[PDB]
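Analysis of the macromolecular model
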Amino acid sequence: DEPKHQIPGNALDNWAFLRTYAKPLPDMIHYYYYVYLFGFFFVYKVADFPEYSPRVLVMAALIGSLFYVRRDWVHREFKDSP
Amino acid sequence: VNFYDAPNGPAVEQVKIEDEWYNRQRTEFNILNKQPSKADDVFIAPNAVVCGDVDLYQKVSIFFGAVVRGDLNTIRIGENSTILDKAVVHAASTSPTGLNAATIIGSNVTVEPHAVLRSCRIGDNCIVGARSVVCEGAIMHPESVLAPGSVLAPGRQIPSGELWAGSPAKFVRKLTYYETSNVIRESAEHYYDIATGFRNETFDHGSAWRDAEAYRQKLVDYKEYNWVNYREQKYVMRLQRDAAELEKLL
Amino acid sequence: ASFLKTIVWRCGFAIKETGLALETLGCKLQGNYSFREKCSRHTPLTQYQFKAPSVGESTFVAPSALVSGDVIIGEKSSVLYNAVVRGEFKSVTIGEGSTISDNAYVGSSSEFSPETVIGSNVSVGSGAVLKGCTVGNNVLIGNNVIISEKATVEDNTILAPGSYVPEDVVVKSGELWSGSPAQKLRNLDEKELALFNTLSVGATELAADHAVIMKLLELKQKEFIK
Amino acid sequence: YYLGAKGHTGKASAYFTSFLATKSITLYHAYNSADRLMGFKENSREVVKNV
Amino acid sequence: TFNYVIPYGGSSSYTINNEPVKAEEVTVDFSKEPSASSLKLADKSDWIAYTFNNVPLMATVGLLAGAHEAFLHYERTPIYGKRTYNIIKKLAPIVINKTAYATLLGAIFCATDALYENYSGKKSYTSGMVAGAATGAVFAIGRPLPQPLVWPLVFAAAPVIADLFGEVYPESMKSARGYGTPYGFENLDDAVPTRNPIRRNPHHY
Amino acid sequence: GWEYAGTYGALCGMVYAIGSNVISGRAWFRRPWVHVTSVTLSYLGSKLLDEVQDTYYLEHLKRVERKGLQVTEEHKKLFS
Amino acid sequence: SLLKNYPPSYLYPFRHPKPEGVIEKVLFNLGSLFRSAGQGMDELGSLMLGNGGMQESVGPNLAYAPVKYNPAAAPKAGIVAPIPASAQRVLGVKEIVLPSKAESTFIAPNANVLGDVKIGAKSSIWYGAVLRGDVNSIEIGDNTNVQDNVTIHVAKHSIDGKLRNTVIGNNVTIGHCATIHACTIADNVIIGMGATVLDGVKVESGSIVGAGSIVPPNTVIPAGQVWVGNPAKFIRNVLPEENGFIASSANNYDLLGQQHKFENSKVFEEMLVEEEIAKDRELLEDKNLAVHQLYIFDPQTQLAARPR
Ligand SMILES: CCCCCCCCCCCCCCCCCC(=O)OC[C@H](COP(=O)([O-])OCC(O)COP(=O)([O-])OC[C@@H](COC(=O)CCCCCCCCCCCCCCCCC)OC(=O)CCCCCCCCCCCCCCCCC)OC(=O)CCCCCCCCCCCCCCCCC
Ligand SMILES: CCCCCCCCCCCCCCCCCC(=O)OC[C@H](COP(=O)([O-])OCC(O)COP(=O)([O-])OC[C@@H](COC(=O)CCCCCCCCCCCCCCCCC)OC(=O)CCCCCCCCCCCCCCCCC)OC(=O)CCCCCCCCCCCCCCCCC
Ligand SMILES: CCCCCCCCCCCCCCCCCC(=O)OC[C@H](COP(=O)([O-])OCC(O)COP(=O)([O-])OC[C@@H](COC(=O)CCCCCCCCCCCCCCCCC)OC(=O)CCCCCCCCCCCCCCCCC)OC(=O)CCCCCCCCCCCCCCCCC
Ligand SMILES: CCCCCCCCCCCCCCCCCC(=O)O[C@@H](COC(=O)CCCCCCCCCCCCCCC)COP(=O)(O)OCC[N+](C)(C)C
Ligand SMILES: CCCCCCCCCCCCCCCCCCCC(=O)O[C@H](COC(=O)CCCCCCCCCCCCCC)COP(=O)(O)OCCN
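Residues numbered from 1 in each chain as written, not as in the entry; some residues may be left out. Chains lettered and ligands numbered in written order. Part of a larger assembly, values for the part shown. Heavy atoms only, no water.

What the entry reports as its method is cryo-EM, with 3.11 Å given for the resolution.

By the naming in the PDB entry, chain G goes by CA2 and is assigned to Polytomella sp. Pringsheim 198.80. This deposition appears in the PDB under the title "Cryo-EM structure of Polytomella Complex-I (complete composition)".

Per the PDB entry, chain D goes by the name MNLL and belongs to Polytomella sp. Pringsheim 198.80.

This is the structure we're talking about:
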């Protein structure tokens, strides 16, 4: 026997939390199609954007990073409900 | 006699042992659908015989006189495991215990000369002594040693970190930390060095084929040598066998 | 020195390897593929680098036997069929009149093995495993006896079949030993004491007959080759 | 020949490869000579040889 | 120096100065000067005008983030099953709230920056740090204990990075050329150019 | 250019032969013919790479002189 | 087969037919020069290599090997055969005893069977087994399996008249690495792996001798008993199902011997052809190859069987 890390939580509760990731998985082409199209149009529009201060650009990048939701997070938490 | 459903086909010409004028034994050869697999650094002695579904991992050494027959079931020899002289490793079709009957040998396992292993699980860093018999379904757990002249009866177990001896093998002493950590691995490394040496002075096609080539050339010069399309003959023999099997009434 | 001998061996081996490769290339150009033959490449007297088995004139070494490394075999000794005598790592010495029987292993190939010494009129049984041990004159070893490293067998002794000799265990003269832990059973009676030389000479006679037959086999092979 | 013998067709591969490479290099040389005649490339030997 | 007796490096006389000498005889520039739109947006005189000019960036970023999340939800909803609830009623709050909160954070940042620069009267690191600190404080109003500290620090650190590598870095290394003679060392005998290298034209995309 | 290119190439041919033997599980001395071939081809290749580098160095010097870089005779000596 | 235009090198990989084109003839002569130069370089290298020169030769076939015939002691199990006349004027032996085996018997090329050995049909002598009948006869019955590295030995009867021949009955299994000296084994007996059976031992039918057990000399193991130990002692009686195991082991090793005999008995040219069969089987595993669109290949021999 060896000293081991204590695992917080009950075994069955943690397994139940992990089982909430087993949901119908959409194929990634649907996201990719829209991202490609809107990205092409976006790159066309960017050349017309006004020149922004570097400070504002960095703050916008920080806000976007904070606001970005990982695709797995929506996967676990999605409910087909109002 | 002739296996007509053999993977490479039936044998067009079969020669009797009386008619052989030289030893034609192959150190690695295929028994029907079962093919032995070997790594680049695996040493098989010229005397040694390896047949059947035997998988040889990297740094496996098969020394002189050892027979590893993988005809009934699968044999796996782990990394840096050495089968020493005249030691037989064989596999049973079924095991008495009811578990898998394959002969699985772990890493850094030294099987000392004339030791017989049949359908046993040998754990990593184990030593089987000289003239030690491990029977079907017997499992040696890792870091265990069987003393020379000892028998593990079918379905028996040797626990880890223990030295076992006797014809009804019994516990003798607990192996020390230094032993299990170093010496068992070191023996396999030493025999790997010996086998590496033997490999380094081995030619790819040693000059023993010249003697048979002399006879073949003499036959060619005297016009008795015959050119046989074995592929076509195999095809024709299989066709004839199928036609006859259709014709038969009983 | 040893380094000079190693360099000489490497140079000669490179030359021989290149010569064999060129011969194989010539065979490939001619369309002959006999070099691909997987036949028994076993040699009864193999050498490891410059260490080669020294062998006597009256000795019989079986074709299936393997005498490997620097093994000195004295006159009127016999290594019988499928017997493995390994002396690469440490040398092995066999005395006059000594017999190594079928399927017997005598070697000094473990890392810490002492040099194996076998005395005169010593018969090793069929199946016995001898590793790094000293055996004295006129000793009868059983069929399946295991003798471990550094163990010593004194003169005029018989080891019963199946006995295992632990290391640093001295088997004393005029005695009979047996058991997985070898222990003295009885003192040898006079008849067994006299029997040793008769056994050795009978083995020598049998070896001479086998040598005649082996020569017959070699002539039959010569007829095919030439 | 060396590559085709690995596929048991040495002679045909040898002739095909010879014809192929010879045709390509001959066209390269002819293009260079035509450029020399057109005056694009150096032509002192050409003008001397054929006035 | 490479010795243990006298100090390493060297010193330059402050009294002695070296006359500037041109890196090349004729200077051709492929770097375009700032546009009037860039100077307009950078102008922080009127804090309301500065805020309203620079918020469209923040609103855009919030709209992309909300669109990403809303599409992740939409992709999951089943077309084959008819749904009792209205999908856009579910999805519109996502995008609208993300965009609004992003715009609010960017507005606090820009307004505090302009107000501090006007009150201080100087362009400094401190304006960006204070605007970021306020924005990160607004980010962590009701959040658990580490976050009241970490978000003001991160949001303040971001303008420091922007100032350090967007303004100080370019201005520190304007003189260094890479061709001809080293900027400090013109006495050394290196090949002197008639014209500077033009590795690319002024861009127009 | 480099004055030690050929020696380097021969040593690197040795590197090829020995490494190829070691990767395949063979000892360094195995397949002796590969050693000679590797050494000779690697030496020739290292030389050829050096002349190629020198030639394009000189082409760049000609181009920059045409463009207006006032290279001196000593600077012209730097490019062989 | 479907096609008859296959290249001759493809049809005869072991030895290409005589060169017919000029280029082929030149290649043949160049190969001859290369062969001679390579042999010369081989000998020069062998000089440096020292005593032995790492020379290699073909080994004799000892699976069917003779022993000197004794006019006093006539052969009992094996047959006696004359030897070639030239060997007669060299060696001087008139006749030599040869082993006697049935056609169904499988003897491994590694195994050494010598002299007075009679082996029955469907019996198998496996790899490394040494069967010496130089002094006295050895008899092995039908469906009897002498496994790997087994040594069977005999001695002379001597003044007492004690029978020192080795008689092994039918359906007998001798385990790997077992040593059997001049003993008698009855039918349907399993000898364990590593077991030593000494002189005078009679093992009755239906018995099992345990692995690594030395049965003492002149000991009778009675029928239907299991004996194990260094001084082999009785432990239990054979269970009724264990008898069916004894028979099943004998039959399974008969099938095993048939397979191994089939593999070993192929000639070289057939073995090399089969190696090429395996190789182009591996190359033809890709089913998107152009040739697969052309033809369907026979599975056992990858020859074009029918067009696709
Ligand atoms: C209707 C269609 C739906 C889409 C709508 C939009 C359609 C597109 C329109 C136009 C698209 C072009 C512009 C969009 C952005 C370009 C990205 C893209 O297209 O790639 C294809 C991408 C899919 O590609 P993929 O290969 O399948 O996914 C790879 C991932 O592994 C995906 O797997 P994952 O999601 O499971 O894993 C995500 C992972 C992936 O990693 C990333 O996201 C990398 C993003 C890093 C920044 C990207 C470079 C930023 C430079 C911006 C340049 C402009 C400003 C210039 C100056 C800025 C200086 C930095 O990141 C994370 O783990 C989560 C954190 C996210 C940011 C991580 C950085 C955190 C820093 C904050 C520190 C604070 C913490 C302190 C406390 C910590 C305590 C210890 O599609 C999109 O994601 C587009 C979604 C649009 C939402 C973006 C929202 C803001 C956009 C602008 C802000 C820029 C910041 C970027 C945020 C994250 C963007 C991914
Ligand atoms: C560094 C900075 C970086 C900057 C840029 C770097 C540059 C980048 C590029 C550089 C790339 C370098 C790295 C790649 C290296 C290339 C790879 C490589 O090493 O070879 C791979 C390749 C791999 O061979 P492998 O591993 O066995 O696999 C092929 C299989 O066999 C497959 O079997 P196969 O069916 O395909 O068989 C075809 C082939 C493959 O077959 C073989 O390879 C089997 C072996 C060939 C026969 C043995 C060669 C006999 C001469 C070898 C000398 C070794 C000396 C050592 C022992 C000393 C003995 C006294 O057969 C051939 O050898 C074709 C060549 C024909 C020549 C055959 C020999 C002619 C007779 C000798 C001519 C002259 C004799 C004078 C003196 C002779 C005694 C010293 O090696 C060869 O194919 C060898 C071809 C040449 C044989 C050596 C001939 C040398 C001439 C004798 C030495 C005289 C002095 C040399 C100067 C004067 C020249 C005349
Ligand atoms: C002309 C007359 C002749 C005179 C002689 C003059 C000839 C000149 C030199 C020729 C000598 C032959 C060169 C050796 C060839 C084979 C070397 C080798 O296989 O390595 C291990 C090999 C022994 O390994 P092994 O037990 O036989 O088993 C290897 C198995 O294949 C795989 O075993 P494993 O699967 O268990 O892998 C376990 C692995 C654990 O896994 C790892 O750690 C992998 C890590 C990735 C690589 C390591 C990254 C760091 C390496 C730093 C370089 C070391 C030098 C540091 C000096 C700073 C240089 C800037 O541990 C190791 O393998 C050993 C760890 C330390 C060795 C790492 C150094 C190897 C660098 C690359 C080797 C060259 C391969 C060329 C390929 C040729 C065509 C195939 O050699 C050694 O005994 C020690 C390495 C000797 C290093 C010399 C190689 C030169 C590299 C320096 C770069 C400088 C540029 C090259 C210029 C060279 C002079 C012109
Ligand atoms: C030394 C100069 C003269 C060399 C003589 C050759 C000149 C003949 C004209 C050129 C023909 C091709 C040259 C041979 C190169 C490779 C040929 C080849 O692959 O060799 C063998 C097999 O491949 C090999 O063995 C590898 C050999 C590699 C090269 C080794 C020879 C090196 C010298 C030859 C080339 C030197 C230059 C040729 C003239 C410029 C071919 O097998 P097969 O197709 O079955 O033909 C043999 C005919 N038959 C079996 C029926 C007898
Ligand atoms: C990679 C650098 C990122 C900084 C990491 C610091 C630790 C992160 C913690 C987050 C805290 C927010 C960031 C604050 C760092 C700035 C240092 C404060 C010093 C300070 O207040 O002076 C200002 C100038 O320093 C400045 O603002 C410019 C100094 C540049 C920061 C230090 C650069 C080296 C630090 C690297 C440490 C190791 C790297 C590992 C992160 C004012 O100046 P003023 O002009 O406004 O005068 C005032 C007239 N009103």
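1. Some details on unusual backbone geometry
So the rule is basically this: Where helices and strands are cited, they refer to DSSP runs of H or I of at least four residues and of E of at least two residues respectively, numbered from the N terminus. For the exposure calls, accessible area comes from a 1.4 Å probe over protein chains only, and a residue counts as buried if that area is under 20% of its type's maximum, exposed if over 50%, partly exposed in between.
We note that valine 51 of chain D has phi near 35 degrees; this positive angle belongs to a residue other than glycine. Tracing the sequence through the fold places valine 51 of chain D in the segment after helix 3 (44-49). We note that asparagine 171 of chain G has phi near 60 degrees; this positive angle belongs to a residue other than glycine. Along the chain, the position of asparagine 171 of chain G falls in the loop between strand 11 (166-168) and strand 12 (173-174). By relative accessible area, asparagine 171 of chain G is classed as partly exposed at 22%.

2. A short note on the site of ligand 4
Selection rule: Nearness of a residue to a molecule or strand requires only that one of the residue's heavy atoms be within 4 Å of it. Pairing of N or O atoms within 3.5 Å defines a polar contact, subject to two protein rules: one partner must be a possible hydrogen donor and the other a possible acceptor, and residues neighboring in sequence count only if both atoms are side-chain atoms. What sets the accessible areas is the Shrake-Rupley method with a 1.4 Å probe; for residues, cover comes only from the shown protein chains.
By nearness alone, 14 residues border ligand 4, and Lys28, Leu29 and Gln30 of chain C, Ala5 of chain D together with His16 of chain G come closest of all. Neighbouring residues of ligand 4 are not confined to one chain but are distributed across chains C, D and G. The separation between an oxygen atom of ligand 4 and a polar side-chain atom of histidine 16 of chain G is 3.2 Å. Its free accessible area being 1,000 Å², ligand 4 has 61% of it covered by the protein chains. Those elements that provide at least two residues to the shell around ligand 4 are helix 1 (2-30) of chain C, helix 1 (2-5) of chain D together with helix 2 (22-49) of chain G. In terms of residue count, helix 2 of chain G provides more of the shell around ligand 4 than any other element does, five residues in total.

3. Some words on the interface of chain G and chain B
Operational definition: The contact criterion used is simple: two residues touch if any of their non-hydrogen atoms lie within 4.5 Å. Here's the idea: put two parts together, see how much 1.4 Å probe accessible area each one loses, and the total over both is what we call buried area. Any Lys or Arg side-chain nitrogen found within 4 Å of a carboxyl oxygen on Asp or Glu counts as a salt bridge.
Taken together, the contacts link 67 residues of chain G with 71 residues of chain B. Summed over both partners, the interface of chain G with chain B buries about 6,600 Å², with 53% contributed by carbon and sulfur atoms. For chain G, the biggest contributors to the area lost against chain B are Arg15, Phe262 and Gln300 of chain G; these three give 12% of the whole. Taken together, the links from chain G to chain B amount to nine salt bridges. We note a salt bridge from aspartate 148 of chain G to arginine 69 of chain B, for which the minimum N-O separation is 3.0 Å. Taken together, the connections running from chain G to chain B amount to 31 residue pairs in polar contact. For the side of chain G that touches chain B, the secondary-structure elements that each account for two or more residues are helix 1 (8-11), helix 2, helix 4 (240-264) and helix 5 (268-283) of chain G. Top contributing element to the side of chain G that touches chain B by residue count: helix 5 of chain G, with 10 residues.

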